[PDB]
file structure.cif (mmCIF, C-alpha atoms and all ligand atoms)
data_model
#
loop_
_atom_site.label_atom_id
_atom_site.label_comp_id
_atom_site.auth_asym_id
_atom_site.auth_seq_id
_atom_site.Cartn_x
_atom_site.Cartn_y
_atom_site.Cartn_z
CA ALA A 1 -5.38 5.87 20.01
CA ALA A 2 -8.85 5.61 18.45
CA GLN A 3 -10.34 7.36 15.44
CA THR A 4 -14.26 6.79 15.39
CA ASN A 5 -16.27 6.61 12.16
CA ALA A 6 -13.08 5.76 10.19
CA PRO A 7 -13.13 4.43 6.63
CA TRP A 8 -13.99 1.02 6.88
CA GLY A 9 -10.68 -0.50 5.79
CA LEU A 10 -8.69 1.29 8.52
CA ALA A 11 -11.29 -0.34 11.08
CA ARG A 12 -10.80 -3.64 9.46
CA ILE A 13 -7.08 -3.83 9.71
CA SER A 14 -7.55 -3.04 13.43
CA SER A 15 -10.40 -5.53 13.96
CA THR A 16 -10.84 -9.36 14.20
CA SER A 17 -14.39 -9.07 12.85
CA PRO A 18 -15.96 -6.94 10.08
CA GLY A 19 -18.75 -4.54 10.70
CA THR A 20 -17.27 -1.77 12.79
CA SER A 21 -15.98 1.72 12.03
CA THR A 22 -13.34 2.78 14.60
CA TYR A 23 -9.62 2.58 13.84
CA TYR A 24 -7.66 1.36 16.97
CA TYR A 25 -3.93 2.02 16.79
CA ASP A 26 -0.83 2.88 18.80
CA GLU A 27 -0.36 7.03 18.55
CA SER A 28 3.27 6.51 17.52
CA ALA A 29 1.56 6.08 13.99
CA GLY A 30 4.65 5.51 11.89
CA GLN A 31 6.74 8.35 13.19
CA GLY A 32 10.32 8.07 11.96
CA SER A 33 9.54 5.78 8.97
CA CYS A 34 9.12 6.60 5.49
CA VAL A 35 7.04 5.37 2.62
CA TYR A 36 7.57 5.83 -1.11
CA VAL A 37 4.53 5.91 -3.21
CA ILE A 38 5.71 5.06 -6.74
CA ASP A 39 2.68 6.01 -8.85
CA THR A 40 1.17 9.14 -10.64
CA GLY A 41 2.56 11.45 -7.97
CA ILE A 42 1.18 12.98 -4.78
CA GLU A 43 -0.66 16.28 -4.43
CA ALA A 44 1.55 17.15 -1.48
CA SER A 45 -0.37 20.42 -0.95
CA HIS A 46 -3.45 18.52 0.34
CA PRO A 47 -3.63 19.72 3.89
CA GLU A 48 -4.55 15.91 4.63
CA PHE A 49 -0.74 15.40 4.41
CA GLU A 50 -0.04 18.21 6.68
CA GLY A 51 3.52 18.93 5.27
CA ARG A 52 4.80 15.33 5.40
CA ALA A 53 4.52 14.49 1.82
CA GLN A 54 7.35 15.51 -0.93
CA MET A 55 7.67 14.68 -4.58
CA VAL A 56 11.13 13.77 -5.01
CA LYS A 57 11.21 12.31 -8.67
CA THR A 58 9.47 12.25 -11.91
CA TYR A 59 10.16 10.75 -15.33
CA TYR A 60 7.63 13.04 -17.08
CA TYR A 61 7.55 16.74 -17.87
CA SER A 62 6.13 17.76 -14.04
CA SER A 63 6.06 15.90 -10.96
CA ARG A 64 2.41 16.76 -10.23
CA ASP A 65 -0.31 14.10 -10.01
CA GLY A 66 -2.58 15.33 -12.57
CA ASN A 67 -4.51 11.56 -12.41
CA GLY A 68 -5.36 11.49 -8.48
CA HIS A 69 -4.43 7.64 -8.29
CA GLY A 70 -1.11 8.32 -6.56
CA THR A 71 -2.68 10.78 -4.27
CA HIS A 72 -5.35 8.32 -3.18
CA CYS A 73 -2.77 5.59 -2.48
CA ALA A 74 -0.66 7.86 -0.58
CA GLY A 75 -3.59 9.07 1.49
CA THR A 76 -4.29 5.51 2.60
CA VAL A 77 -0.68 5.01 3.58
CA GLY A 78 -0.36 8.34 5.58
CA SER A 79 -2.99 11.05 5.42
CA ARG A 80 -4.16 12.38 8.75
CA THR A 81 -7.77 11.19 8.35
CA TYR A 82 -7.74 8.30 5.85
CA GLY A 83 -4.28 6.86 6.53
CA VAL A 84 -2.83 3.99 8.41
CA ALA A 85 0.40 5.51 9.46
CA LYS A 86 -0.76 8.99 10.16
CA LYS A 87 2.64 10.47 11.10
CA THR A 88 4.98 8.75 8.37
CA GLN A 89 6.97 10.72 5.90
CA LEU A 90 5.74 10.23 2.30
CA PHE A 91 7.72 10.44 -0.87
CA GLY A 92 6.47 10.53 -4.34
CA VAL A 93 7.86 9.02 -7.38
CA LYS A 94 5.88 9.76 -10.56
CA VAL A 95 6.41 6.80 -12.90
CA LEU A 96 2.85 6.90 -14.27
CA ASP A 97 1.56 9.72 -16.46
CA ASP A 98 -1.48 11.16 -15.99
CA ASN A 99 -3.77 8.72 -17.57
CA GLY A 100 -2.16 5.90 -15.47
CA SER A 101 -0.03 4.26 -17.62
CA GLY A 102 3.86 3.76 -17.58
CA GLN A 103 6.32 2.13 -19.75
CA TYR A 104 8.45 -0.84 -17.88
CA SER A 105 11.57 0.64 -18.35
CA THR A 106 10.61 3.92 -16.47
CA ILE A 107 8.82 1.96 -13.74
CA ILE A 108 12.13 0.05 -13.43
CA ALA A 109 13.98 3.37 -13.31
CA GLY A 110 11.83 4.66 -10.49
CA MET A 111 12.21 1.44 -8.50
CA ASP A 112 16.18 1.55 -8.56
CA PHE A 113 15.76 5.21 -7.86
CA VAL A 114 14.24 4.31 -4.34
CA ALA A 115 16.99 1.85 -3.46
CA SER A 116 19.41 4.76 -4.00
CA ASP A 117 17.40 7.66 -2.61
CA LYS A 118 16.46 6.21 0.60
CA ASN A 119 20.11 7.12 1.35
CA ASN A 120 19.28 10.72 0.94
CA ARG A 121 16.39 10.63 3.45
CA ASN A 122 15.97 10.54 7.24
CA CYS A 123 14.14 7.09 7.90
CA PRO A 124 15.55 5.82 11.20
CA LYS A 125 12.52 3.48 11.68
CA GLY A 126 12.37 1.85 8.37
CA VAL A 127 11.55 2.42 4.70
CA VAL A 128 8.66 1.05 2.64
CA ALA A 129 7.59 1.27 -0.91
CA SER A 130 4.06 1.01 -2.07
CA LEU A 131 3.55 -0.08 -5.97
CA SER A 132 -0.14 0.08 -6.91
CA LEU A 133 0.55 -0.81 -10.52
CA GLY A 134 1.79 -3.53 -12.83
CA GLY A 135 1.12 -5.20 -16.13
CA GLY A 136 2.15 -8.78 -17.70
CA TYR A 137 5.01 -10.90 -16.45
CA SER A 138 8.42 -9.39 -17.03
CA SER A 139 11.68 -10.68 -15.61
CA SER A 140 13.17 -7.44 -15.66
CA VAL A 141 10.20 -5.60 -13.80
CA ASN A 142 10.27 -8.46 -11.28
CA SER A 143 14.05 -8.23 -10.90
CA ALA A 144 13.81 -4.49 -10.20
CA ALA A 145 11.45 -5.41 -7.33
CA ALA A 146 13.79 -7.97 -5.79
CA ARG A 147 16.59 -5.38 -5.94
CA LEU A 148 14.49 -2.75 -4.21
CA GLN A 149 13.51 -5.29 -1.55
CA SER A 150 17.06 -6.68 -1.23
CA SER A 151 18.35 -2.91 -0.73
CA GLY A 152 16.33 -3.03 2.72
CA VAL A 153 12.99 -1.61 1.68
CA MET A 154 9.82 -3.28 2.50
CA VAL A 155 8.15 -3.61 -1.00
CA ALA A 156 4.34 -3.94 -1.14
CA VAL A 157 2.82 -4.62 -4.70
CA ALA A 158 -0.67 -4.96 -5.99
CA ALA A 159 -1.60 -8.52 -6.94
CA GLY A 160 -3.65 -7.16 -9.89
CA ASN A 161 -7.30 -6.58 -10.98
CA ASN A 162 -8.29 -9.31 -13.61
CA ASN A 163 -9.36 -12.43 -11.14
CA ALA A 164 -6.77 -14.08 -12.68
CA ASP A 165 -3.81 -15.96 -11.00
CA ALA A 166 -1.32 -13.14 -10.36
CA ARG A 167 2.03 -15.53 -11.17
CA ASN A 168 1.26 -13.97 -14.81
CA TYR A 169 1.60 -10.38 -13.69
CA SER A 170 4.70 -8.22 -12.62
CA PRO A 171 5.63 -6.94 -10.29
CA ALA A 172 3.07 -9.26 -8.31
CA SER A 173 4.69 -12.53 -9.17
CA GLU A 174 7.92 -11.53 -7.97
CA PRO A 175 8.20 -14.00 -5.06
CA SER A 176 10.65 -11.96 -2.52
CA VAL A 177 8.27 -8.99 -2.13
CA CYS A 178 4.81 -8.69 -0.52
CA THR A 179 1.92 -9.17 -3.04
CA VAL A 180 -1.35 -7.83 -1.80
CA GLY A 181 -4.97 -8.83 -2.88
CA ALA A 182 -8.19 -6.92 -2.15
CA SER A 183 -11.22 -7.54 0.08
CA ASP A 184 -14.43 -6.03 0.76
CA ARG A 185 -16.25 -4.67 3.82
CA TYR A 186 -18.08 -8.02 4.24
CA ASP A 187 -14.81 -10.04 4.08
CA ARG A 188 -15.35 -11.23 0.51
CA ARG A 189 -12.46 -11.31 -1.89
CA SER A 190 -13.09 -8.31 -4.11
CA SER A 191 -14.52 -9.48 -7.42
CA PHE A 192 -11.70 -8.05 -9.54
CA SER A 193 -8.59 -9.59 -7.00
CA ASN A 194 -6.23 -11.46 -8.64
CA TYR A 195 -5.43 -14.71 -6.54
CA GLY A 196 -2.79 -17.38 -6.67
CA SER A 197 -0.20 -19.03 -4.29
CA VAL A 198 2.22 -15.67 -5.21
CA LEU A 199 -0.08 -13.63 -2.91
CA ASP A 200 1.27 -13.10 0.80
CA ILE A 201 -1.58 -11.25 2.28
CA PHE A 202 -5.21 -9.35 1.59
CA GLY A 203 -5.94 -6.10 2.64
CA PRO A 204 -9.21 -3.65 2.11
CA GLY A 205 -9.70 -2.76 -1.53
CA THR A 206 -13.27 -2.59 -2.38
CA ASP A 207 -14.99 1.32 -1.71
CA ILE A 208 -11.87 2.72 -0.11
CA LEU A 209 -12.33 6.33 0.88
CA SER A 210 -9.14 8.33 0.48
CA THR A 211 -7.70 11.63 -0.75
CA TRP A 212 -7.94 12.80 -4.36
CA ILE A 213 -6.37 15.99 -6.18
CA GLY A 214 -8.04 19.11 -6.04
CA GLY A 215 -7.97 18.90 -2.26
CA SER A 216 -10.53 16.66 -2.46
CA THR A 217 -11.73 12.75 -1.59
CA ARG A 218 -13.33 9.74 -3.27
CA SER A 219 -13.84 6.38 -2.84
CA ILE A 220 -12.43 4.03 -5.46
CA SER A 221 -11.65 0.36 -5.64
CA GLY A 222 -8.61 -2.20 -6.58
CA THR A 223 -5.70 -4.19 -5.33
CA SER A 224 -4.13 -0.75 -5.75
CA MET A 225 -6.19 0.52 -2.75
CA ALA A 226 -5.36 -2.66 -0.78
CA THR A 227 -1.58 -2.27 -1.28
CA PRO A 228 -1.07 1.03 0.62
CA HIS A 229 -2.99 -0.57 3.68
CA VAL A 230 -0.09 -3.07 3.90
CA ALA A 231 2.52 -0.54 3.21
CA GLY A 232 1.22 1.86 5.82
CA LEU A 233 0.86 -1.05 8.26
CA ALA A 234 4.39 -2.15 7.82
CA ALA A 235 5.54 1.55 8.47
CA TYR A 236 3.43 1.41 11.63
CA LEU A 237 5.06 -1.88 12.68
CA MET A 238 8.58 -0.60 12.05
CA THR A 239 8.14 2.20 14.06
CA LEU A 240 6.73 0.10 16.93
CA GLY A 241 9.82 -2.13 16.77
CA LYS A 242 7.94 -5.26 15.79
CA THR A 243 9.52 -5.99 12.63
CA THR A 244 12.05 -4.81 10.03
CA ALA A 245 11.86 -3.98 6.34
CA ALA A 246 13.21 -7.45 5.46
CA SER A 247 11.04 -9.31 8.00
CA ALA A 248 7.72 -7.27 7.67
CA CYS A 249 5.87 -9.32 5.01
CA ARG A 250 6.47 -12.49 7.16
CA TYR A 251 5.47 -10.67 10.36
CA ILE A 252 2.21 -9.39 8.85
CA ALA A 253 1.35 -12.90 7.64
CA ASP A 254 2.19 -14.39 11.04
CA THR A 255 -0.08 -11.89 12.82
CA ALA A 256 -2.91 -11.79 10.24
CA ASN A 257 -6.42 -12.74 10.80
CA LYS A 258 -6.32 -16.31 9.45
CA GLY A 259 -9.70 -17.90 7.76
CA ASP A 260 -11.73 -15.47 7.69
CA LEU A 261 -12.41 -14.31 3.69
CA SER A 262 -14.69 -16.03 1.67
CA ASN A 263 -13.72 -17.44 -2.04
CA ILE A 264 -10.02 -18.20 -1.45
CA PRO A 265 -9.78 -20.12 -4.24
CA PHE A 266 -7.91 -23.26 -3.26
CA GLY A 267 -4.33 -22.60 -3.01
CA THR A 268 -4.56 -18.89 -2.19
CA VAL A 269 -3.81 -17.63 1.33
CA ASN A 270 -6.79 -16.73 3.50
CA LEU A 271 -4.53 -14.17 5.65
CA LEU A 272 -6.12 -10.49 6.26
CA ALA A 273 -3.76 -7.79 7.42
CA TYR A 274 -4.22 -7.03 11.14
CA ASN A 275 -2.44 -4.64 13.52
CA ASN A 276 -2.54 -6.63 16.50
CA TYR A 277 -3.52 -3.49 18.74
CA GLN A 278 -6.94 -3.98 20.35
CA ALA A 279 -6.59 -7.76 20.86
CA CA A 301 7.20 -12.49 0.28
#
call {"tool": "encode", "arguments": {"input": "structure.cif", "output": "structure tokens", "more": "lines below"}}
Ligand SMILES: [Ca+2]
result
Amino acid sequence: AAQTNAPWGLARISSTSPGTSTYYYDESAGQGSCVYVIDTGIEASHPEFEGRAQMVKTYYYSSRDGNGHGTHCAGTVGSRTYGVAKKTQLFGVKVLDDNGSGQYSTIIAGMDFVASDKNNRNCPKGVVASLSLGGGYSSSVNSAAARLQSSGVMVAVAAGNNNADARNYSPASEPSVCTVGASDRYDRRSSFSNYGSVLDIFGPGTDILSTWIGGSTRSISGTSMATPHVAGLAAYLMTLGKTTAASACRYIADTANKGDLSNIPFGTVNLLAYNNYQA
């Protein structure tokens, strides 16, 4: 399948080179997988989700995304137009309030909640979680990420937005999950991407067009926008039979475009998420 004049990040993760705008992909498009977006929620009523998105948990007084962040992430995972895995089932877990912020203990609560709930959902092809959030190192936050991963969920986490080595940030530093940095449409590391040997992979994160609340769209930027490109991609790869929730971060690294980002500080991977469809 091909989708012309695509947001640029969807073309990138289907390209070897930058500078094009079609998204080439297999039509199975993540059918039969599932992705949890653990964030401010998901405006599931956005027609771009076409009935495939459900809130299923909140730790606040409403499950609605009243911020838009969670809705934008989720759109990149699996909206019809702006998504990677255009036919995956989405699930929302509102651990962030509406300004964006969340205490660690609630973020922990929502992470253990996915390891349990996946057992209440129909995900024959695999299950993913997408965490576009974080804050300073915590053993506990990190441990809640290893559990979620260990429970057979592919966990994708934002490396962080300070340009700082991410080993000081959680859940990014947690080694057993898949820590994602951001790039730009000219293959530069985005100016705000954390970096450091705990990263596994980069995806698109600078000027990422996706859904927003009010039925709407916007382009915003972050390792947060990069993260749901890897999550959606892993859903897409499960479904295709290429990899498994426990093997997907290694498979994506193995199949990445290798060398191609400029400003990888020394010691940081220079691997860019690629779908290995058109070549
Ligand atoms: Ca890893």
call {"tool": "residues_near_ligand", "arguments": {"input": "structure.cif", "ligand": "ligand CA 301 (chain A)", "cutoff": "7 Å", "atoms": "all atoms listed in the file", "output": "JSON list (two decimals) with C-alpha atoms, in the frame of the given file"}}
result
[["chain", "number", "residue", "atom", "x", "y", "z"],
["A", 175, "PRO", "CA", 8.20, -14.00, -5.06],
["A", 176, "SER", "CA", 10.65, -11.96, -2.52],
["A", 177, "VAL", "CA", 8.27, -8.99, -2.13],
["A", 178, "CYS", "CA", 4.81, -8.69, -0.52],
["A", 200, "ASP", "CA", 1.27, -13.10, 0.80],
["A", 249, "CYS", "CA", 5.87, -9.32, 5.01],
["A", 250, "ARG", "CA", 6.47, -12.49, 7.16]]
call {"tool": "closest_residue", "arguments": {"input": "structure.cif", "among": "A:114, A:56, A:93, A:234", "to": "residue A:126", "atoms": "only C-alpha atoms"}}
result
A:234
call {"tool": "closest_atom_pairs", "arguments": {"input": "structure.cif", "of": "stretch 102-154 of chain A", "to": "stretch 12-36 of chain A", "cutoff": "7 Å", "atoms": "all atoms listed in the file", "output": "JSON lines"}}
result
{"residue": "A:123", "atom": "CA", "partner": "A:33", "partner_atom": "CA", "distance": 4.9}
{"residue": "A:124", "atom": "CA", "partner": "A:32", "partner_atom": "CA", "distance": 5.7}
{"residue": "A:125", "atom": "CA", "partner": "A:33", "partner_atom": "CA", "distance": 4.6}
{"residue": "A:126", "atom": "CA", "partner": "A:33", "partner_atom": "CA", "distance": 4.9}
{"residue": "A:127", "atom": "CA", "partner": "A:34", "partner_atom": "CA", "distance": 4.9}
{"residue": "A:128", "atom": "CA", "partner": "A:35", "partner_atom": "CA", "distance": 4.6}
{"residue": "A:129", "atom": "CA", "partner": "A:36", "partner_atom": "CA", "distance": 4.6}
{"residue": "A:130", "atom": "CA", "partner": "A:36", "partner_atom": "CA", "distance": 6.0}
call {"tool": "closest_residue", "arguments": {"input": "structure.cif", "among": "A:7, A:214, A:228, A:265", "to": "residue A:64", "atoms": "only C-alpha atoms"}}
result
A:214
call {"tool": "atom_distance", "arguments": {"input": "structure.cif", "atom1": "atom CA of residue A:215", "atom2": "atom CA of residue A:113"}}
result
28.0 Å
call {"tool": "atom_distance", "arguments": {"input": "structure.cif", "atom1": "atom CA of residue A:186", "atom2": "atom CA of residue A:87"}}
result
28.6 Å
call {"tool": "closest_residue", "arguments": {"input": "structure.cif", "among": "A:237, A:135, A:264, A:242", "to": "residue A:199", "atoms": "only C-alpha atoms"}}
result
A:264
call {"tool": "atom_distance", "arguments": {"input": "structure.cif", "atom1": "atom CA of residue A:48", "atom2": "atom CA of residue A:222"}}
result
21.7 Å
call {"tool": "closest_residue", "arguments": {"input": "structure.cif", "among": "A:232, A:262, A:174, A:155", "to": "residue A:188", "atoms": "all atoms listed in the file"}}
result
A:262
call {"tool": "residues_near_point", "arguments": {"input": "structure.cif", "point": "(-7.0, -13.6, -11.1)", "cutoff": "12 Å", "atoms": "all atoms listed in the file", "output": "PyMOL selection string"}}
result
chain A and resi 158-169+172-173+181-182+189-199+223+263-265+268
call {"tool": "closest_residue", "arguments": {"input": "structure.cif", "among": "A:59, A:251, A:266, A:91", "to": "residue A:44", "atoms": "all atoms listed in the file"}}
result
A:91
call {"tool": "closest_residue", "arguments": {"input": "structure.cif", "among": "A:62, A:112, A:224, A:146", "to": "residue A:77", "atoms": "only C-alpha atoms"}}
result
A:224
call {"tool": "closest_atom_pairs", "arguments": {"input": "structure.cif", "of": "stretch 161-229 of chain A", "to": "stretch 254-257 of chain A", "cutoff": "10 Å", "atoms": "only C-alpha atoms", "output": "Markdown table"}}
result
| residue | atom | partner | partner_atom | distance |
| --- | --- | --- | --- | --- |
| A:201 | CA | A:256 | CA | 8.1 |
| A:202 | CA | A:256 | CA | 9.3 |
| A:203 | CA | A:256 | CA | 10.0 |
call {"tool": "build_atoms", "arguments": {"input": "structure.cif", "residues": "stretch 257-276 of chain A", "atoms": "N, CA, C and O atoms", "output": "short mmCIF file (atom, residue, chain, number, x, y, z; two decimals), in the coordinates of the input"}}
result
data_model
loop_
_atom_site.label_atom_id
_atom_site.label_comp_id
_atom_site.auth_asym_id
_atom_site.auth_seq_id
_atom_site.Cartn_x
_atom_site.Cartn_y
_atom_site.Cartn_z
N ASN A 257 -5.21 -11.96 10.62
CA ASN A 257 -6.42 -12.74 10.80
C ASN A 257 -6.42 -13.90 9.80
O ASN A 257 -6.10 -13.71 8.62
N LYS A 258 -6.49 -15.11 10.26
CA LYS A 258 -6.32 -16.31 9.45
C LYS A 258 -7.65 -17.03 9.26
O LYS A 258 -8.35 -17.33 10.24
N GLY A 259 -8.50 -17.16 8.06
CA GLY A 259 -9.70 -17.90 7.76
C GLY A 259 -10.96 -17.06 7.62
O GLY A 259 -12.02 -17.63 7.32
N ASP A 260 -10.48 -16.21 7.52
CA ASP A 260 -11.73 -15.47 7.69
C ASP A 260 -12.35 -14.94 6.41
O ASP A 260 -13.47 -14.42 6.46
N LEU A 261 -12.01 -14.75 5.02
CA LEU A 261 -12.41 -14.31 3.69
C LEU A 261 -13.18 -15.40 2.94
O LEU A 261 -12.87 -16.58 3.05
N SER A 262 -14.05 -15.11 2.60
CA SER A 262 -14.69 -16.03 1.67
C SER A 262 -14.30 -15.64 0.25
O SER A 262 -13.67 -14.61 0.02
N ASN A 263 -14.10 -17.32 -0.64
CA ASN A 263 -13.72 -17.44 -2.04
C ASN A 263 -12.21 -17.35 -2.22
O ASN A 263 -11.71 -16.68 -3.13
N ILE A 264 -11.47 -18.05 -1.36
CA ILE A 264 -10.02 -18.20 -1.45
C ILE A 264 -9.75 -19.58 -2.05
O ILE A 264 -10.04 -20.59 -1.40
N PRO A 265 -9.97 -18.84 -3.56
CA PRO A 265 -9.78 -20.12 -4.24
C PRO A 265 -8.81 -21.00 -3.47
O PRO A 265 -7.87 -20.54 -2.83
N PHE A 266 -8.79 -22.28 -3.88
CA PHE A 266 -7.91 -23.26 -3.26
C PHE A 266 -6.47 -23.00 -3.69
O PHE A 266 -6.20 -22.78 -4.87
N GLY A 267 -5.71 -22.91 -2.65
CA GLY A 267 -4.33 -22.60 -3.01
C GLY A 267 -3.90 -21.16 -2.76
O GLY A 267 -2.71 -20.86 -2.87
N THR A 268 -4.85 -20.27 -2.53
CA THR A 268 -4.56 -18.89 -2.19
C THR A 268 -4.67 -18.70 -0.68
O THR A 268 -5.55 -19.26 -0.02
N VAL A 269 -3.77 -17.89 -0.11
CA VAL A 269 -3.81 -17.63 1.33
C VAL A 269 -5.17 -17.04 1.72
O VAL A 269 -5.79 -16.28 0.96
N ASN A 270 -5.63 -17.38 2.92
CA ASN A 270 -6.79 -16.73 3.50
C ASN A 270 -6.32 -15.96 4.74
O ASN A 270 -6.59 -16.33 5.88
N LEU A 271 -5.15 -15.05 4.66
CA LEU A 271 -4.53 -14.17 5.65
C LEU A 271 -4.91 -12.73 5.36
O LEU A 271 -4.70 -12.25 4.24
N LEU A 272 -5.62 -11.85 6.32
CA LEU A 272 -6.12 -10.49 6.26
C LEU A 272 -5.29 -9.61 7.18
O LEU A 272 -5.13 -9.92 8.37
N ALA A 273 -4.66 -8.65 6.67
CA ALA A 273 -3.76 -7.79 7.42
C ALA A 273 -4.41 -7.24 8.68
O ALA A 273 -5.50 -6.66 8.63
N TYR A 274 -3.72 -7.40 9.82
CA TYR A 274 -4.22 -7.03 11.14
C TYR A 274 -3.12 -6.37 11.96
O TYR A 274 -1.96 -6.80 11.91
N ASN A 275 -3.46 -5.34 12.75
CA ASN A 275 -2.44 -4.64 13.52
C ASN A 275 -2.27 -5.15 14.94
O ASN A 275 -1.31 -4.75 15.62
N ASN A 276 -2.76 -6.00 15.19
CA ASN A 276 -2.54 -6.63 16.50
C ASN A 276 -2.40 -5.61 17.62
O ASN A 276 -1.66 -5.82 18.60
#
